[PDB]
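Engineer: before I ask anything, here's the sequence and the deposited coordinates:
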Amino acid sequence: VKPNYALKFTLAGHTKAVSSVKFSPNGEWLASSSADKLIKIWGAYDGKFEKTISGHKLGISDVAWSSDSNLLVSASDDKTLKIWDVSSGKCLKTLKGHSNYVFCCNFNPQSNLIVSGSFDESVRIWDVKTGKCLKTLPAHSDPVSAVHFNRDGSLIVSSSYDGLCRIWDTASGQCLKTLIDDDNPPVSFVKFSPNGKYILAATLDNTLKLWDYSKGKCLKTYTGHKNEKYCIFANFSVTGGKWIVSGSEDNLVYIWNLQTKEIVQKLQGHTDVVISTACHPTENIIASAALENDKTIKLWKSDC
């Protein structure tokens, strides 16, 4: 009925706001990025600090893992993305092309491609092996807040302060669908459901929405949290109960029942905006991370 997530670890070490936390696909590691220009790797189950990955000249907005858990990509205000070999910590490639801060990034499931979103209003698709830009999509008319590939990499979904959610054919770059409600508040997040049939989208009117984009219809609305200013990451949690999980600008992690939309738990502990949450791929484990009055990551664990 309800989870019972309890605090297990507080991961200290970043010196500015944390921007993003992500579990490796094999579940072994958490990676974190921060305004302090650094990536940090931590053990997912014992919270143990592993190493620092350095090289960006300005703060990092996002980090993402390849499917084999061997590479990371980061997006930075220095207008580049970097591909990192996690074991060595070396920068394998620097991805130049964006004309302003890069804000979001992701590998596709095969992990031969990376997608980025930028303040320059564009979405780019990059070849992992060469570090070259394959396509620049004129995706939006304001900064792009999130980019995500669907389950097999055949589609990209993007969101922008322009109020729109768009879905793109990866191979061609053709826009297959624009989602818009009668109202156009800035869309601060978007991602595909694990089965790729639905889309979870956050807008800066304190609202999360689950969209059936085959039919272009909003099915669920989740409220009660605070989200009017920041681009906060949300997630589907599928390892036990089927929940929706998001950060909030009242320093809490919110957890909703996906089907009934009822708030099932609120996680208190952070002392600043909870900007990012990640759900563990196999265990009922949540990582949360907060802005610069806090600077820590928290690992939580529930029985369902």
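Structural biologist: Received the coordinates, thanks. Numbers count the residues shown, from 1 in each chain.

Engineer: pretty sure residue 31 contacts residue 66?
Structural biologist: No. Counting by CB atoms under 8 Å, residue 31 does not reach residue 66; the two are 11.2 Å apart. No exception for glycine: its C-beta is placed from N, CA and C like everyone else's.

Engineer: mind listing the shared neighbours of those two?
Structural biologist: Contact criterion CB atoms under 8 Å, 6 or more residues apart in numbering; residues shared by residue 31 and residue 66: residue 72.

Engineer: show me where the stretch 201-304 of the chain has its strands.
Structural biologist: Ranges of strands within the stretch 201-304 of the chain are 207-212, 217-222, 234-237, 243-246, 252-257, 263-268, 274-279, 285-290, 296-301, based on DSSP state E, counting those that start in this stretch.

Engineer: quick one: closest of those to residue 151.
Structural biologist: strand 234-237 (12.0 Å; CB to CB).

Engineer: can you pull the contacts of residue 78?
Structural biologist: Per CB under 8 Å, 6+ apart, neighbours of residue 78: 56-58.

Engineer: then stretch 37-50 to PDB, C-alphas only?
Structural biologist: Taking C-alpha atoms only, stretch 37-50 is exported to PDB below (Å, rounded to 0.1, in the frame of the first residue of the first chain):
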ATOM      1  CA  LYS A  37      32.500  21.000 -11.700                       C
ATOM      2  CA  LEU A  38      33.000  17.400 -10.500                       C
ATOM      3  CA  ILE A  39      31.500  13.900 -10.900                       C
ATOM      4  CA  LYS A  40      31.700  11.600  -7.900                       C
ATOM      5  CA  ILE A  41      31.200   7.900  -7.800                       C
ATOM      6  CA  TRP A  42      29.800   6.200  -4.700                       C
ATOM      7  CA  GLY A  43      29.000   2.600  -3.800                       C
ATOM      8  CA  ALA A  44      25.200   2.200  -4.100                       C
ATOM      9  CA  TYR A  45      24.700  -0.200  -1.200                       C
ATOM     10  CA  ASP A  46      27.300   1.000   1.400                       C
ATOM     11  CA  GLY A  47      27.400   4.700   0.300                       C
ATOM     12  CA  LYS A  48      31.200   4.400   0.100                       C
ATOM     13  CA  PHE A  49      32.900   7.300  -1.800                       C
ATOM     14  CA  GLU A  50      34.900   5.700  -4.700                       C
END
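
Engineer: returning to what we had before: out of the strands of the stretch 201-304 of the chain, which is the most enclosed?
Structural biologist: Among these, ranked by average contacts under mean count of other CB atoms under 10 Å, first place goes to strand 285-290 (a mean of 26).

Engineer: can you pick out the residue with more neighbours from residue 31 and residue 66?
Structural biologist: A side-by-side neighbour count of residue 31 and residue 66, using other CB atoms under 10 Å, places residue 31 first with 26 against 22.

Engineer: what sits against that one?
Structural biologist: Contacts of residue 31 by CB under 8 Å, 6+ apart are 21-22, 24, 39-42, 63, 65, 72, 86.

Engineer: that one bridge partners, please.
Structural biologist: Assessed by DSSP bridges, residue 31 has beta-bridge partners residue 22, residue 41.
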